[PDB]
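Asks: Take a look at this one; I'll ask things after.
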Amino acid sequence: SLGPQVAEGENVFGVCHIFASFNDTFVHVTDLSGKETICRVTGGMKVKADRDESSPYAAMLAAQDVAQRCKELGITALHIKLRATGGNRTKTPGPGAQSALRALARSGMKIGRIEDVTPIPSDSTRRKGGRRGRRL
Amino acid sequence: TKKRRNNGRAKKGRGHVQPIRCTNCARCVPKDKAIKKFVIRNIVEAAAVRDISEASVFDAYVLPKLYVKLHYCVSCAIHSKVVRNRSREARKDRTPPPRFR
Amino acid sequence: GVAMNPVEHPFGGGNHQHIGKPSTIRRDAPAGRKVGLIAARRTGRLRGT
Amino acid sequence: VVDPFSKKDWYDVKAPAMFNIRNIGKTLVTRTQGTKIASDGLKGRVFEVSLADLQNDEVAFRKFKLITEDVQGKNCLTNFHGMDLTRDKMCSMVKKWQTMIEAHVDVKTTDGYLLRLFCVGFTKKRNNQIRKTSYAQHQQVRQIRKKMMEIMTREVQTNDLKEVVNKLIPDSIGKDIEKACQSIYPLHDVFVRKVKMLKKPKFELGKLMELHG
RNA sequence: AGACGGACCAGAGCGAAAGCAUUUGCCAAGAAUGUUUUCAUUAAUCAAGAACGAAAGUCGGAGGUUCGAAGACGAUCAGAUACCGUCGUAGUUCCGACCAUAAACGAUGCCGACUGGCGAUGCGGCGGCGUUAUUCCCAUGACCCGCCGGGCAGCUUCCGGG
RNA sequence: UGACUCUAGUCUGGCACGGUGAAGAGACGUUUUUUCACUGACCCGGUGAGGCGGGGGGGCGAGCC
RNA sequence: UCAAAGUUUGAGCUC
Ligand SMILES: [Mg+2]
Ligand SMILES: [Mg+2]
Ligand SMILES: [Mg+2]
Ligand SMILES: [Mg+2]
Ligand SMILES: [Mg+2]
Ligand SMILES: [Mg+2]
Ligand SMILES: [Mg+2]
Ligand SMILES: [Mg+2]
Ligand SMILES: [Mg+2]
Ligand SMILES: [Mg+2]
Ligand SMILES: [Mg+2]
Ligand SMILES: [Mg+2]
Ligand SMILES: [Mg+2]
Ligand SMILES: [Zn+2]
């Protein structure tokens, strides 16, 4: 975890893959390639209370603690690939998503170019429910 | 009695359309009856961008956008409170309000 | 085998036609006994696949 | 009892000479321990590269995938693999009241590089237009699709890979397409939304190094 | 490997009706339009009789990705043999055989005539300053302002009815 | 046959036939042992045991002097 | 961005 680059003239980039689901939050640091990882760490290690791991309070706290540890490793710049569950399923990030986001706003990492990358299908397989739907 | 002229849908010349699975539920709704919303929106909305803008490196570097198109089911819509009930008379006023909100 | 007399089969005999003993059987077993369902992992109406 | 990232050895990632800057970035692989070579681990990786790195100061939405099919020496030698437009950009572009027109085509160049090209185009609402629609006819779309394939094959087959990438860096193809379609129906937001390397030929290292000095 | 062809997708089109949307090719058809094209009553509606007719269901193969009747278990709950969950069978896919039932709703049979407007629209046709590409004009294409036929719909009023 | 007492068969560990090298920890210049090879015992299959492996030279194409 | 909420003398209401 040592970028030999000089600090400001140019950045040694990593790339954080921020998964924000409605029941989990991943954080997966990698190289420019992506194939090689530096540090991945999740919330579920840091907080053990099933009901409020995806809670926005939990996802924020998680994002701060995780981003803190990656900064700790000393990577100055990051590419970003925020991602949600996707597919035939939901296209909206869950309640953790946004608390994590604001948390990473205060956390301090130098940010390269951002992009969205949730895998939307052209034409999809059937959603997990009835025809009559998740009813309640 | 006939409650609405179009039966809460837009089927005048056609005859059948493909069903969709709800996002909040999975309730099957005819696409033509189903509510369609094209929501494009900033991955960071307004409060966050001011905070996150502190987190950006470059002074004024544009953010990409989050191009959604949502469909909800009916009971979810009233619950999520997107649409309100209206009177028998106001019902025909099918013009949406201007662009104040 | 069940029809035979109880010399020609280990399931034979009896007044009523019946097997009498369990039809699942070891593979560490001598020639003459190895009979029936060999090393039966399961044994029933195969529900599903 | 050792930190595992000590074993990794780093490598400089190099761009080919048609582009201005060479050293894209740096890539790490475990050192030669056992059968595997760090160069071997490095050889398969793929590099998504920005337009800000291609044009001196410019918008980011064009991308270029680049696998480093061979390692020269404390460096990573990349190769052309496929251009693409960003989701944000295309979905932003794609709005209602306009005949969208796409077309794909597989075709191989003079040099032994086989491509599969994806075009895109949208009908333009005129300034003084009062009909809301601004839609195209179907015959119009079939005409555009056939010309789209004509121009892509005619342009690529007649000239080398260098020329195809140096034309793709601008809108030269989509711009000529806007020229071709302007009589038929004015479309504006013209792009080659995807280009795709398919089957490379046998690697002649003297050719690769001539491209790299 | 098999489903599915998003977004472009409209109070839009076509089809006897269910319905019909990945590219390209082949086959034939048809509503509508222009017409000083031919025949000159050849037509409308119909017990009997016939063709088609979503999904589930059934019989054989082929295929078996997802979901998921049945079923089991795990949860809440006074009870739940349900609503929540993890699995999961037949079925869901194709070909070949049956079947003829839906709120198959415009809940409005078919032809034919007459009696108010108004703007918008889709197709074919006609006319008319000017813009704009073909570029170098014509004649075409995109706009633009109109008229004509019938067409999916919309609004409108003490027409009159109910 | 759930009686007593034994037995062919089959399962399992040891010693011998049974070699030549590789790296590591240690082990109780030495090993207990984990992996990685080699081949000469040994084993299998095919052929009326029919053109094997190296080195030149020759040629059809790609790149160089 | 939805776990639930049952009953009520036979002993006399009314143009
Ligand atoms: Mg016996
Ligand atoms: Mg598709
Ligand atoms: Mg129907
Ligand atoms: Mg009859
Ligand atoms: Mg059917
Ligand atoms: Mg059927
Ligand atoms: Mg059957
Ligand atoms: Mg299920
Ligand atoms: Mg139970
Ligand atoms: Mg269930
Ligand atoms: Mg019916
Ligand atoms: Mg309840
Ligand atoms: Mg009582
Ligand atoms: Zn709803």
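Counting begins at 1 with the first residue displayed.
Determined by electron microscopy, 4.1 Å, according to the entry header.
Each residue, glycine too, has its Cβ placed from N, Cα and C.
Quick paste from Swiss-Prot:
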MOD_RES   A:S1  phosphoserine
CROSSLNK  A:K46  SUMO2 cross-link
CROSSLNK  A:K48  SUMO2 cross-link
CROSSLNK  A:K91  SUMO2 cross-link
REGION    A:116-136  region 'Disordered'
MOD_RES   A:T118  phosphothreonine
MOD_RES   A:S124  phosphoserine
COMPBIAS  A:127-136  compositional bias 'Basic residues'
Asks: Using a Cβ cut-off under 8 Å and a sequence separation of 6 or more, which residues in the same chain sit near A:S1 (phosphoserine)?
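Replies: In sequence order, A:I38, A:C39, A:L73, A:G74, A:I75 meet the Cβ cut-off.
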Asks: Just checking, which of A:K46, A:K48, A:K91 (recorded sites) has the fewest C-beta atoms within 10 Å of its C-beta?
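Replies: Counting other Cβ atoms within 10 Å of each of the recorded sites A:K46, A:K48, A:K91 gives the minimum at A:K48.
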Asks: Sub-8 Å Cβ contact with chain B: please pick out which of the recorded positions A:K46, A:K48, A:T118, A:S124 have it.
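Replies: From A:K46, A:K48, A:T118, A:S124, flagged as close to B: nothing.
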Asks: What does DSSP assign A:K46 (SUMO2 cross-link), in three states?
Replies: helix
Asks: Using other CB atoms within 10 angstroms as the count, which residue among the modified residues A:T118, A:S124 scores least?
Replies: A:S124
Asks: Could you put numbers on the helix, strand and coil content of the region 'Disordered' (A:116-136), residue by residue per DSSP?
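Replies: Taking the region 'Disordered' (A:116-136) as a whole: 0 helix, 1 strand, 20 coil.
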Asks: Using DSSP, would you call A:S1 (phosphoserine) helix, strand or coil?
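Replies: Once the DSSP labels are grouped into three classes, A:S1 (phosphoserine) ends up as coil.
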Asks: Can you figure out which of A:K46, A:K48, A:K91, A:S124 (the recorded positions) comes closest in space to the residue listed as 'phosphothreonine', comparing Cα atoms?
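Replies: Comparing Cα positions, the candidate nearest the residue listed as 'phosphothreonine' turns out to be A:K91.
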Asks: Recorded positions A:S1, A:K46, A:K48, A:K91, A:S124: which sit with Cβ under 8 Å of a chain D Cβ?
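Replies: The answer, in sequence order, is A:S1.
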Asks: Can you give me the Cα-Cα distance between A:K48 (SUMO2 cross-link) and A:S124 (phosphoserine) in Å, rounded to a whole number?
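Replies: Distance (Cα to Cα, whole Å): 35 Å.
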Asks: What does DSSP call A:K91 (SUMO2 cross-link) in the simple three-state scheme?
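Replies: Note: A:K91 (SUMO2 cross-link) is coil by DSSP, not helix or strand.
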